[PDB]
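Below is the file upload18.pdb, which contains PDB, C-alpha atoms.
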ATOM      1  CA  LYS A   1     114.240 126.201 118.608  1.00  0.00           C
ATOM      2  CA  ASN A   2     115.599 123.315 116.529  1.00  0.00           C
ATOM      3  CA  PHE A   3     114.350 120.788 119.063  1.00  0.00           C
ATOM      4  CA  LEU A   4     110.820 119.835 120.013  1.00  0.00           C
ATOM      5  CA  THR A   5     109.414 117.762 122.861  1.00  0.00           C
ATOM      6  CA  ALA A   6     106.348 115.559 123.098  1.00  0.00           C
ATOM      7  CA  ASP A   7     103.132 117.250 124.153  1.00  0.00           C
ATOM      8  CA  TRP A   8     101.649 114.664 126.487  1.00  0.00           C
ATOM      9  CA  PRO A   9     100.857 114.210 130.206  1.00  0.00           C
ATOM     10  CA  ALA A  10     104.019 112.186 130.807  1.00  0.00           C
ATOM     11  CA  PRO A  11     105.498 112.348 134.340  1.00  0.00           C
ATOM     12  CA  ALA A  12     108.316 114.795 135.124  1.00  0.00           C
ATOM     13  CA  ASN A  13     111.040 112.153 134.927  1.00  0.00           C
ATOM     14  CA  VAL A  14     110.111 111.123 131.392  1.00  0.00           C
ATOM     15  CA  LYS A  15     112.026 113.263 128.925  1.00  0.00           C
ATOM     16  CA  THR A  16     111.626 113.389 125.163  1.00  0.00           C
ATOM     17  CA  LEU A  17     113.428 114.984 122.253  1.00  0.00           C
ATOM     18  CA  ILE A  18     111.779 115.194 118.846  1.00  0.00           C
ATOM     19  CA  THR A  19     114.514 116.500 116.571  1.00  0.00           C
ATOM     20  CA  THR A  20     113.895 118.562 113.458  1.00  0.00           C
ATOM     21  CA  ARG A  21     116.065 118.803 110.356  1.00  0.00           C
ATOM     22  CA  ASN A  22     117.649 121.951 111.762  1.00  0.00           C
ATOM     23  CA  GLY A  23     120.616 122.519 114.049  1.00  0.00           C
ATOM     24  CA  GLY A  24     123.122 120.243 112.340  1.00  0.00           C
ATOM     25  CA  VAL A  25     126.149 120.394 110.047  1.00  0.00           C
ATOM     26  CA  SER A  26     124.970 118.390 107.023  1.00  0.00           C
ATOM     27  CA  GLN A  27     124.365 120.021 103.640  1.00  0.00           C
ATOM     28  CA  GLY A  28     122.368 119.655 100.453  1.00  0.00           C
ATOM     29  CA  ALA A  29     119.690 116.970 100.519  1.00  0.00           C
ATOM     30  CA  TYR A  30     120.678 116.170 104.080  1.00  0.00           C
ATOM     31  CA  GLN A  31     120.267 119.619 105.235  1.00  0.00           C
ATOM     32  CA  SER A  32     121.482 119.901 108.566  1.00  0.00           C
ATOM     33  CA  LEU A  33     120.568 117.613 111.402  1.00  0.00           C
ATOM     34  CA  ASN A  34     120.872 114.222 109.698  1.00  0.00           C
ATOM     35  CA  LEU A  35     121.229 111.426 112.219  1.00  0.00           C
ATOM     36  CA  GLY A  36     121.145 108.507 109.778  1.00  0.00           C
ATOM     37  CA  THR A  37     124.333 106.714 108.727  1.00  0.00           C
ATOM     38  CA  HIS A  38     122.553 104.664 106.053  1.00  0.00           C
ATOM     39  CA  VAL A  39     121.355 107.415 103.719  1.00  0.00           C
ATOM     40  CA  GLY A  40     124.490 108.464 101.833  1.00  0.00           C
ATOM     41  CA  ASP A  41     125.527 111.494 103.899  1.00  0.00           C
ATOM     42  CA  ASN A  42     129.110 112.273 104.951  1.00  0.00           C
ATOM     43  CA  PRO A  43     129.974 109.928 107.865  1.00  0.00           C
ATOM     44  CA  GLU A  44     131.868 112.638 109.754  1.00  0.00           C
ATOM     45  CA  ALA A  45     128.906 115.008 109.435  1.00  0.00           C
ATOM     46  CA  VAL A  46     126.498 112.427 110.854  1.00  0.00           C
ATOM     47  CA  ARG A  47     128.877 111.779 113.749  1.00  0.00           C
ATOM     48  CA  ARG A  48     128.850 115.494 114.539  1.00  0.00           C
ATOM     49  CA  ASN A  49     125.049 115.713 114.325  1.00  0.00           C
ATOM     50  CA  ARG A  50     124.745 112.796 116.750  1.00  0.00           C
ATOM     51  CA  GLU A  51     127.165 114.593 119.063  1.00  0.00           C
ATOM     52  CA  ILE A  52     124.940 117.662 118.968  1.00  0.00           C
ATOM     53  CA  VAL A  53     121.995 115.482 119.963  1.00  0.00           C
ATOM     54  CA  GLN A  54     123.911 113.709 122.730  1.00  0.00           C
ATOM     55  CA  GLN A  55     124.818 117.110 124.187  1.00  0.00           C
ATOM     56  CA  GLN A  56     121.099 117.848 124.379  1.00  0.00           C
ATOM     57  CA  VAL A  57     120.199 114.463 125.862  1.00  0.00           C
ATOM     58  CA  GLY A  58     123.028 114.014 128.349  1.00  0.00           C
ATOM     59  CA  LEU A  59     122.975 110.229 127.930  1.00  0.00           C
ATOM     60  CA  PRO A  60     124.213 107.765 125.320  1.00  0.00           C
ATOM     61  CA  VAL A  61     121.607 107.233 122.579  1.00  0.00           C
ATOM     62  CA  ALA A  62     120.733 103.703 121.453  1.00  0.00           C
ATOM     63  CA  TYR A  63     120.598 104.161 117.676  1.00  0.00           C
ATOM     64  CA  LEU A  64     119.476 100.938 115.995  1.00  0.00           C
ATOM     65  CA  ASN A  65     120.128  99.417 112.604  1.00  0.00           C
ATOM     66  CA  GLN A  66     116.460  99.623 111.658  1.00  0.00           C
ATOM     67  CA  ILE A  67     115.331  96.959 109.211  1.00  0.00           C
ATOM     68  CA  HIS A  68     111.552  97.436 109.335  1.00  0.00           C
ATOM     69  CA  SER A  69     111.222  94.413 111.606  1.00  0.00           C
ATOM     70  CA  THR A  70     109.080  93.962 114.705  1.00  0.00           C
ATOM     71  CA  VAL A  71     112.139  93.235 116.854  1.00  0.00           C
ATOM     72  CA  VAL A  72     112.441  94.969 120.223  1.00  0.00           C
ATOM     73  CA  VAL A  73     115.678  95.162 122.215  1.00  0.00           C
ATOM     74  CA  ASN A  74     116.732  96.531 125.596  1.00  0.00           C
ATOM     75  CA  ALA A  75     118.224  99.947 124.859  1.00  0.00           C
ATOM     76  CA  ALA A  76     120.827  99.491 127.598  1.00  0.00           C
ATOM     77  CA  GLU A  77     122.143  96.437 125.726  1.00  0.00           C
ATOM     78  CA  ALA A  78     122.036  98.046 122.275  1.00  0.00           C
ATOM     79  CA  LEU A  79     125.059 100.274 122.918  1.00  0.00           C
ATOM     80  CA  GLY A  80     127.962  97.847 122.594  1.00  0.00           C
ATOM     81  CA  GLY A  81     127.123  96.883 119.012  1.00  0.00           C
ATOM     82  CA  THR A  82     124.302  98.176 116.811  1.00  0.00           C
ATOM     83  CA  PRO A  83     121.547  95.505 116.764  1.00  0.00           C
ATOM     84  CA  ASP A  84     119.188  94.836 113.861  1.00  0.00           C
ATOM     85  CA  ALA A  85     115.996  96.024 115.508  1.00  0.00           C
ATOM     86  CA  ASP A  86     113.213  98.563 115.212  1.00  0.00           C
ATOM     87  CA  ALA A  87     112.238  99.326 118.808  1.00  0.00           C
ATOM     88  CA  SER A  88     113.864  99.553 122.219  1.00  0.00           C
ATOM     89  CA  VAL A  89     112.744  99.709 125.836  1.00  0.00           C
ATOM     90  CA  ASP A  90     114.347 100.930 129.056  1.00  0.00           C
ATOM     91  CA  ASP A  91     113.685 101.184 132.787  1.00  0.00           C
ATOM     92  CA  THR A  92     117.176 102.178 133.966  1.00  0.00           C
ATOM     93  CA  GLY A  93     117.541 105.814 132.948  1.00  0.00           C
ATOM     94  CA  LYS A  94     121.046 104.973 131.751  1.00  0.00           C
ATOM     95  CA  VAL A  95     120.380 105.359 128.036  1.00  0.00           C
ATOM     96  CA  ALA A  96     117.971 107.073 125.655  1.00  0.00           C
ATOM     97  CA  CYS A  97     115.689 105.045 123.388  1.00  0.00           C
ATOM     98  CA  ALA A  98     115.557 106.369 119.846  1.00  0.00           C
ATOM     99  CA  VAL A  99     114.161 105.742 116.389  1.00  0.00           C
ATOM    100  CA  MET A 100     115.127 107.564 113.180  1.00  0.00           C
ATOM    101  CA  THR A 101     112.603 108.548 110.517  1.00  0.00           C
ATOM    102  CA  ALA A 102     111.803 110.685 107.465  1.00  0.00           C
ATOM    103  CA  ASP A 103     108.103 109.822 106.897  1.00  0.00           C
ATOM    104  CA  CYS A 104     107.734 106.576 108.837  1.00  0.00           C
ATOM    105  CA  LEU A 105     105.892 106.774 112.142  1.00  0.00           C
ATOM    106  CA  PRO A 106     107.914 107.169 115.362  1.00  0.00           C
ATOM    107  CA  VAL A 107     106.061 106.053 118.498  1.00  0.00           C
ATOM    108  CA  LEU A 108     107.244 106.811 122.033  1.00  0.00           C
ATOM    109  CA  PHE A 109     105.897 105.056 125.142  1.00  0.00           C
ATOM    110  CA  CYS A 110     105.989 105.582 128.903  1.00  0.00           C
ATOM    111  CA  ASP A 111     103.858 104.746 131.930  1.00  0.00           C
ATOM    112  CA  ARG A 112     102.070 107.277 134.159  1.00  0.00           C
ATOM    113  CA  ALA A 113     104.411 106.592 137.091  1.00  0.00           C
ATOM    114  CA  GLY A 114     107.559 107.025 135.018  1.00  0.00           C
ATOM    115  CA  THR A 115     109.247 103.652 135.466  1.00  0.00           C
ATOM    116  CA  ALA A 116     109.617 102.568 131.838  1.00  0.00           C
ATOM    117  CA  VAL A 117     109.985 104.113 128.382  1.00  0.00           C
ATOM    118  CA  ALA A 118     110.308 102.899 124.796  1.00  0.00           C
ATOM    119  CA  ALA A 119     110.652 104.056 121.199  1.00  0.00           C
ATOM    120  CA  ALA A 120     109.347 102.149 118.178  1.00  0.00           C
ATOM    121  CA  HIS A 121     109.960 102.581 114.447  1.00  0.00           C
ATOM    122  CA  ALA A 122     106.602 102.090 112.760  1.00  0.00           C
ATOM    123  CA  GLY A 123     106.897 102.090 108.991  1.00  0.00           C
ATOM    124  CA  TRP A 124     103.901 100.413 107.366  1.00  0.00           C
ATOM    125  CA  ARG A 125     105.646  97.027 107.427  1.00  0.00           C
ATOM    126  CA  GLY A 126     106.538  97.091 111.110  1.00  0.00           C
ATOM    127  CA  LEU A 127     103.203  98.629 112.035  1.00  0.00           C
ATOM    128  CA  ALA A 128     101.213  95.957 110.203  1.00  0.00           C
ATOM    129  CA  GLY A 129     103.664  93.366 111.515  1.00  0.00           C
ATOM    130  CA  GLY A 130     103.119  94.138 115.191  1.00  0.00           C
ATOM    131  CA  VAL A 131     106.104  96.224 116.281  1.00  0.00           C
ATOM    132  CA  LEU A 132     103.883  98.257 118.616  1.00  0.00           C
ATOM    133  CA  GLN A 133     102.343  95.178 120.240  1.00  0.00           C
ATOM    134  CA  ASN A 134     105.811  93.694 120.790  1.00  0.00           C
ATOM    135  CA  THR A 135     107.075  96.952 122.290  1.00  0.00           C
ATOM    136  CA  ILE A 136     104.124  97.152 124.675  1.00  0.00           C
ATOM    137  CA  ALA A 137     104.786  93.575 125.791  1.00  0.00           C
ATOM    138  CA  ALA A 138     108.489  94.224 126.347  1.00  0.00           C
ATOM    139  CA  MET A 139     107.768  97.158 128.667  1.00  0.00           C
ATOM    140  CA  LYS A 140     106.056  94.892 131.194  1.00  0.00           C
ATOM    141  CA  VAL A 141     103.760  97.598 132.534  1.00  0.00           C
ATOM    142  CA  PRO A 142      99.932  97.622 132.491  1.00  0.00           C
ATOM    143  CA  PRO A 143      98.707  98.882 129.104  1.00  0.00           C
ATOM    144  CA  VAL A 144      96.120 101.073 130.838  1.00  0.00           C
ATOM    145  CA  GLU A 145      98.975 102.848 132.625  1.00  0.00           C
ATOM    146  CA  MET A 146     100.770 103.372 129.315  1.00  0.00           C
ATOM    147  CA  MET A 147     100.654 106.416 127.098  1.00  0.00           C
ATOM    148  CA  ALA A 148     101.927 106.630 123.532  1.00  0.00           C
ATOM    149  CA  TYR A 149     103.124 109.600 121.525  1.00  0.00           C
ATOM    150  CA  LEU A 150     102.767 109.696 117.755  1.00  0.00           C
ATOM    151  CA  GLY A 151     105.799 111.537 116.425  1.00  0.00           C
ATOM    152  CA  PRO A 152     106.153 113.449 113.130  1.00  0.00           C
ATOM    153  CA  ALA A 153     105.235 111.245 110.166  1.00  0.00           C
ATOM    154  CA  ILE A 154     103.847 111.496 106.656  1.00  0.00           C
ATOM    155  CA  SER A 155     100.158 112.390 106.876  1.00  0.00           C
ATOM    156  CA  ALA A 156      97.266 110.693 105.093  1.00  0.00           C
ATOM    157  CA  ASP A 157      97.074 113.469 102.502  1.00  0.00           C
ATOM    158  CA  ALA A 158     100.574 112.648 101.280  1.00  0.00           C
ATOM    159  CA  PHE A 159     100.867 108.902 101.922  1.00  0.00           C
ATOM    160  CA  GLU A 160      99.555 107.141  98.824  1.00  0.00           C
ATOM    161  CA  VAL A 161      99.688 103.333  98.835  1.00  0.00           C
ATOM    162  CA  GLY A 162      98.451 100.274  96.969  1.00  0.00           C
ATOM    163  CA  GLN A 163      96.308  97.212  97.650  1.00  0.00           C
ATOM    164  CA  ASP A 164      99.222  95.322  99.203  1.00  0.00           C
ATOM    165  CA  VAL A 165      99.587  97.841 102.035  1.00  0.00           C
ATOM    166  CA  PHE A 166      95.809  97.957 102.372  1.00  0.00           C
ATOM    167  CA  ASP A 167      95.548  94.171 102.713  1.00  0.00           C
ATOM    168  CA  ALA A 168      98.495  93.953 105.123  1.00  0.00           C
ATOM    169  CA  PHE A 169      96.326  95.871 107.586  1.00  0.00           C
ATOM    170  CA  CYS A 170      92.683  95.328 106.640  1.00  0.00           C
ATOM    171  CA  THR A 171      92.617  91.599 105.929  1.00  0.00           C
ATOM    172  CA  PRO A 172      93.731  90.653 109.469  1.00  0.00           C
ATOM    173  CA  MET A 173      92.193  93.809 111.001  1.00  0.00           C
ATOM    174  CA  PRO A 174      88.994  94.868 109.119  1.00  0.00           C
ATOM    175  CA  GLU A 175      88.434  97.982 111.240  1.00  0.00           C
ATOM    176  CA  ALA A 176      91.691  99.320 109.792  1.00  0.00           C
ATOM    177  CA  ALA A 177      89.780 100.162 106.610  1.00  0.00           C
ATOM    178  CA  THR A 178      88.642 103.323 108.387  1.00  0.00           C
ATOM    179  CA  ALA A 179      92.249 104.528 108.153  1.00  0.00           C
ATOM    180  CA  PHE A 180      92.393 104.196 104.354  1.00  0.00           C
ATOM    181  CA  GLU A 181      90.610 106.361 101.802  1.00  0.00           C
ATOM    182  CA  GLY A 182      90.197 105.093  98.268  1.00  0.00           C
ATOM    183  CA  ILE A 183      91.238 107.672  95.689  1.00  0.00           C
ATOM    184  CA  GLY A 184      90.690 105.504  92.635  1.00  0.00           C
ATOM    185  CA  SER A 185      92.729 103.197  90.420  1.00  0.00           C
ATOM    186  CA  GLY A 186      93.426 100.861  93.333  1.00  0.00           C
ATOM    187  CA  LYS A 187      95.234 103.599  95.247  1.00  0.00           C
ATOM    188  CA  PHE A 188      94.572 104.761  98.806  1.00  0.00           C
ATOM    189  CA  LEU A 189      95.577 107.533 101.168  1.00  0.00           C
ATOM    190  CA  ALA A 190      96.849 105.771 104.284  1.00  0.00           C
ATOM    191  CA  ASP A 191      96.576 107.418 107.695  1.00  0.00           C
ATOM    192  CA  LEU A 192      99.462 106.103 109.809  1.00  0.00           C
ATOM    193  CA  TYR A 193      98.269 108.037 112.849  1.00  0.00           C
ATOM    194  CA  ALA A 194      94.794 106.521 112.645  1.00  0.00           C
ATOM    195  CA  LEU A 195      96.230 103.053 112.058  1.00  0.00           C
ATOM    196  CA  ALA A 196      98.485 103.451 115.091  1.00  0.00           C
ATOM    197  CA  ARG A 197      95.625 104.712 117.266  1.00  0.00           C
ATOM    198  CA  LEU A 198      93.498 101.708 116.288  1.00  0.00           C
ATOM    199  CA  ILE A 199      96.287  99.249 117.048  1.00  0.00           C
ATOM    200  CA  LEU A 200      97.264 100.945 120.313  1.00  0.00           C
ATOM    201  CA  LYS A 201      93.648 101.189 121.467  1.00  0.00           C
ATOM    202  CA  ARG A 202      92.971  97.563 120.616  1.00  0.00           C
ATOM    203  CA  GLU A 203      96.024  96.575 122.651  1.00  0.00           C
ATOM    204  CA  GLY A 204      94.764  98.458 125.701  1.00  0.00           C
ATOM    205  CA  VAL A 205      97.025 101.504 125.797  1.00  0.00           C
ATOM    206  CA  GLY A 206      95.472 104.079 128.129  1.00  0.00           C
ATOM    207  CA  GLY A 207      96.190 107.202 126.115  1.00  0.00           C
ATOM    208  CA  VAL A 208      97.534 108.252 122.718  1.00  0.00           C
ATOM    209  CA  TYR A 209      98.894 111.728 121.986  1.00  0.00           C
ATOM    210  CA  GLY A 210     100.504 113.640 119.129  1.00  0.00           C
ATOM    211  CA  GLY A 211      99.878 112.932 115.458  1.00  0.00           C
ATOM    212  CA  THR A 212      99.545 116.517 114.228  1.00  0.00           C
ATOM    213  CA  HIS A 213     102.471 116.914 111.817  1.00  0.00           C
ATOM    214  CA  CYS A 214     103.085 115.973 108.195  1.00  0.00           C
ATOM    215  CA  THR A 215     106.717 115.419 107.304  1.00  0.00           C
ATOM    216  CA  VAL A 216     105.953 116.136 103.643  1.00  0.00           C
ATOM    217  CA  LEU A 217     104.145 119.450 104.147  1.00  0.00           C
ATOM    218  CA  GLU A 218     106.511 120.838 106.797  1.00  0.00           C
ATOM    219  CA  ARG A 219     109.629 120.986 104.631  1.00  0.00           C
ATOM    220  CA  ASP A 220     111.358 123.635 106.732  1.00  0.00           C
ATOM    221  CA  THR A 221     111.127 121.354 109.758  1.00  0.00           C
ATOM    222  CA  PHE A 222     111.338 117.693 108.764  1.00  0.00           C
ATOM    223  CA  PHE A 223     113.167 115.421 106.340  1.00  0.00           C
ATOM    224  CA  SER A 224     110.906 113.465 103.975  1.00  0.00           C
ATOM    225  CA  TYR A 225     111.704 110.563 101.681  1.00  0.00           C
ATOM    226  CA  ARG A 226     108.441 111.018  99.787  1.00  0.00           C
ATOM    227  CA  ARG A 227     109.337 114.635  99.131  1.00  0.00           C
ATOM    228  CA  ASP A 228     113.093 114.445  98.495  1.00  0.00           C
ATOM    229  CA  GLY A 229     114.203 110.834  98.079  1.00  0.00           C
ATOM    230  CA  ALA A 230     117.773 110.581  99.368  1.00  0.00           C
ATOM    231  CA  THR A 231     117.681 112.766 102.466  1.00  0.00           C
ATOM    232  CA  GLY A 232     118.403 112.884 106.183  1.00  0.00           C
ATOM    233  CA  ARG A 233     116.694 111.344 109.187  1.00  0.00           C
ATOM    234  CA  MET A 234     115.446 113.084 112.308  1.00  0.00           C
ATOM    235  CA  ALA A 235     114.832 111.125 115.492  1.00  0.00           C
ATOM    236  CA  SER A 236     112.385 110.706 118.328  1.00  0.00           C
ATOM    237  CA  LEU A 237     114.080 110.040 121.651  1.00  0.00           C
ATOM    238  CA  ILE A 238     112.819 109.244 125.118  1.00  0.00           C
ATOM    239  CA  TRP A 239     114.537 108.602 128.423  1.00  0.00           C
ATOM    240  CA  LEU A 240     114.069 108.482 132.169  1.00  0.00           C
ATOM    241  CA  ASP A 241     115.705 111.261 134.164  1.00  0.00           C
ATOM    242  CA  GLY A 242     114.941 110.688 137.814  1.00  0.00           C
TER     243      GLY A 242
END
What do you get writing this file as structure tokens?
Amino acid sequence: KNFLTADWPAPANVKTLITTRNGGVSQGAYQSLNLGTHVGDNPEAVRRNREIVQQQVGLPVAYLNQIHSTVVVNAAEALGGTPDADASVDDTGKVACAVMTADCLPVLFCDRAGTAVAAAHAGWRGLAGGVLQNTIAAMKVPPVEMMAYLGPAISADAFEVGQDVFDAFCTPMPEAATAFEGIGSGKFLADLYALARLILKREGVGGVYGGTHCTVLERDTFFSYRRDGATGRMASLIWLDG
């Protein structure tokens, strides 16, 4: 199957779709299911790939013009004009929340009772900036009743960063140092999953799931900027169906 779903104890009316690079019509560096319109792919091809995804979802998808911000919008309001935002929330079941990535961390949210969902784009900038905290707040449900899913991202082994990224997290949040491993010359291996778990736990989120893939290592499944540069974007979607 070209489509995956989140492995978490989410209620039956909370649906997810974790797309892979397969099942689309794009070619070359964008091979196949590229959902991003900002990466240099053929516009018509991207439109077709998004159609393929919509067919799977059965609802309009709130694609955002992601700018690595910490801005959260209501997915239901993001359809009549692409907003500059990096996360969306919904409690209507009339639209699917979605974030596009190719290494950056996608985080999906829902509550145990299935009354609200959300998707957040957590690159290192948005993650260190508080995009997850803002998303949690926008959902208006008790954090303890929330569960988060860590989608496919670049793993620690492949995510090498500098002191600036390190400080962005560890200066204001010292415990975050546990998610960085020094490899010499002022370079570190950053663990986005671990950083997200720390942030989510500190915020009060009841449970965190996922975080088992590496977009760089799994080349036959995911797009990766670190691995290929100009390439496609897969997406992590979530919606209420019930």
Checklist entry - Suppose you want the space between atom CA of residue A:17 and atom CA of residue A:78; what is it in Å? => result 19.0 Å
Can you write out as JSON lines which residues of stretch 203-225 of chain A fall within 12 Å of stretch 104-109 of chain A, alongside each residue's closest atom pair and its distance in Å to one decimal, counting only C-alpha atoms and ordering rows by chain and ascending residue number?
{"residue": "A:205", "atom": "CA", "partner": "A:109", "partner_atom": "CA", "distance": 9.6}
{"residue": "A:206", "atom": "CA", "partner": "A:109", "partner_atom": "CA", "distance": 10.9}
{"residue": "A:207", "atom": "CA", "partner": "A:109", "partner_atom": "CA", "distance": 10.0}
{"residue": "A:208", "atom": "CA", "partner": "A:109", "partner_atom": "CA", "distance": 9.3}
{"residue": "A:209", "atom": "CA", "partner": "A:108", "partner_atom": "CA", "distance": 9.7}
{"residue": "A:210", "atom": "CA", "partner": "A:107", "partner_atom": "CA", "distance": 9.4}
{"residue": "A:211", "atom": "CA", "partner": "A:105", "partner_atom": "CA", "distance": 9.2}
{"residue": "A:212", "atom": "CA", "partner": "A:105", "partner_atom": "CA", "distance": 11.8}
{"residue": "A:213", "atom": "CA", "partner": "A:105", "partner_atom": "CA", "distance": 10.7}
{"residue": "A:214", "atom": "CA", "partner": "A:105", "partner_atom": "CA", "distance": 10.4}
{"residue": "A:215", "atom": "CA", "partner": "A:104", "partner_atom": "CA", "distance": 9.0}
{"residue": "A:216", "atom": "CA", "partner": "A:104", "partner_atom": "CA", "distance": 11.0}
{"residue": "A:222", "atom": "CA", "partner": "A:104", "partner_atom": "CA", "distance": 11.7}
{"residue": "A:223", "atom": "CA", "partner": "A:104", "partner_atom": "CA", "distance": 10.7}
{"residue": "A:224", "atom": "CA", "partner": "A:104", "partner_atom": "CA", "distance": 9.0}
{"residue": "A:225", "atom": "CA", "partner": "A:104", "partner_atom": "CA", "distance": 9.1}
Checklist entry - Near residue A:83, counting only C-alpha atoms, which residues have an atom at most 12 Å away, once you skip same-chain residues fewer than 3 positions from it, shown as number ranges by chain? => result A: 62-67, 69, 71-80, 86-88
Checklist entry - Can you tell me, as a PyMOL selection string, what residues are no more than 12 Å from residue A:166 when counting all atoms listed in the file, ignoring any on the same chain fewer than 4 positions away? => result chain A and resi 124-125+128+160-162+170-182+186-192+195
Item to check | One-decimal distance in Å that lies between atom CA of residue A:165 and atom CA of residue A:144 | outcome: 29.2 Å
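Taking atom CA of residue A:39 as the reference point, atom CA of residue A:26 is found at 12.0 Å.
If you measure from each of A:82, A:220, A:169, A:54 to residue A:37 using all atoms listed in the file, the closest one turns out to be A:82.
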Next on the checklist: Could you list, as a PyMOL selection string, every residue matched by the PyMOL selection byres ((chain A and resi 139) around 12) in this structure?
Outcome noted: chain A and resi 72-75+87-92+108-111+114-120+132-138+140-143+145-147+205
Produce a file of the selected residues containing C-alpha atoms, as an mmCIF file, keeping the file's coordinate frame.
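Generated file (selection25.cif):
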data_model
loop_
_atom_site.group_PDB
_atom_site.id
_atom_site.type_symbol
_atom_site.label_atom_id
_atom_site.label_comp_id
_atom_site.auth_asym_id
_atom_site.auth_seq_id
_atom_site.Cartn_x
_atom_site.Cartn_y
_atom_site.Cartn_z
ATOM 1 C CA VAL A 72 112.441 94.969 120.223
ATOM 2 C CA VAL A 73 115.678 95.162 122.215
ATOM 3 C CA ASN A 74 116.732 96.531 125.596
ATOM 4 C CA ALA A 75 118.224 99.947 124.859
ATOM 5 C CA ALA A 87 112.238 99.326 118.808
ATOM 6 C CA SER A 88 113.864 99.553 122.219
ATOM 7 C CA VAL A 89 112.744 99.709 125.836
ATOM 8 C CA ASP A 90 114.347 100.930 129.056
ATOM 9 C CA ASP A 91 113.685 101.184 132.787
ATOM 10 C CA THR A 92 117.176 102.178 133.966
ATOM 11 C CA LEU A 108 107.244 106.811 122.033
ATOM 12 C CA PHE A 109 105.897 105.056 125.142
ATOM 13 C CA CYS A 110 105.989 105.582 128.903
ATOM 14 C CA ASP A 111 103.858 104.746 131.930
ATOM 15 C CA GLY A 114 107.559 107.025 135.018
ATOM 16 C CA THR A 115 109.247 103.652 135.466
ATOM 17 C CA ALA A 116 109.617 102.568 131.838
ATOM 18 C CA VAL A 117 109.985 104.113 128.382
ATOM 19 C CA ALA A 118 110.308 102.899 124.796
ATOM 20 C CA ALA A 119 110.652 104.056 121.199
ATOM 21 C CA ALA A 120 109.347 102.149 118.178
ATOM 22 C CA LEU A 132 103.883 98.257 118.616
ATOM 23 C CA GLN A 133 102.343 95.178 120.240
ATOM 24 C CA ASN A 134 105.811 93.694 120.790
ATOM 25 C CA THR A 135 107.075 96.952 122.290
ATOM 26 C CA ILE A 136 104.124 97.152 124.675
ATOM 27 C CA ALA A 137 104.786 93.575 125.791
ATOM 28 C CA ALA A 138 108.489 94.224 126.347
ATOM 29 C CA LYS A 140 106.056 94.892 131.194
ATOM 30 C CA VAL A 141 103.760 97.598 132.534
ATOM 31 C CA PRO A 142 99.932 97.622 132.491
ATOM 32 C CA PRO A 143 98.707 98.882 129.104
ATOM 33 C CA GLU A 145 98.975 102.848 132.625
ATOM 34 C CA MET A 146 100.770 103.372 129.315
ATOM 35 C CA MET A 147 100.654 106.416 127.098
ATOM 36 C CA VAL A 205 97.025 101.504 125.797
#
Item to check | Using only C-alpha atoms: which of A:153, A:85, A:113, A:57 has the shortest distance to residue A:234 | outcome: A:153
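Distances to residue A:42 were evaluated for A:27, A:101, A:2, A:16 using only C-alpha atoms, and the minimum falls at A:27.
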Next on the checklist: I'd like to see the residues matched by the PyMOL selection byres ((chain A and resi 25) around 9) on this file, and ideally I'd get them as a count of residues only.
Outcome noted: 13
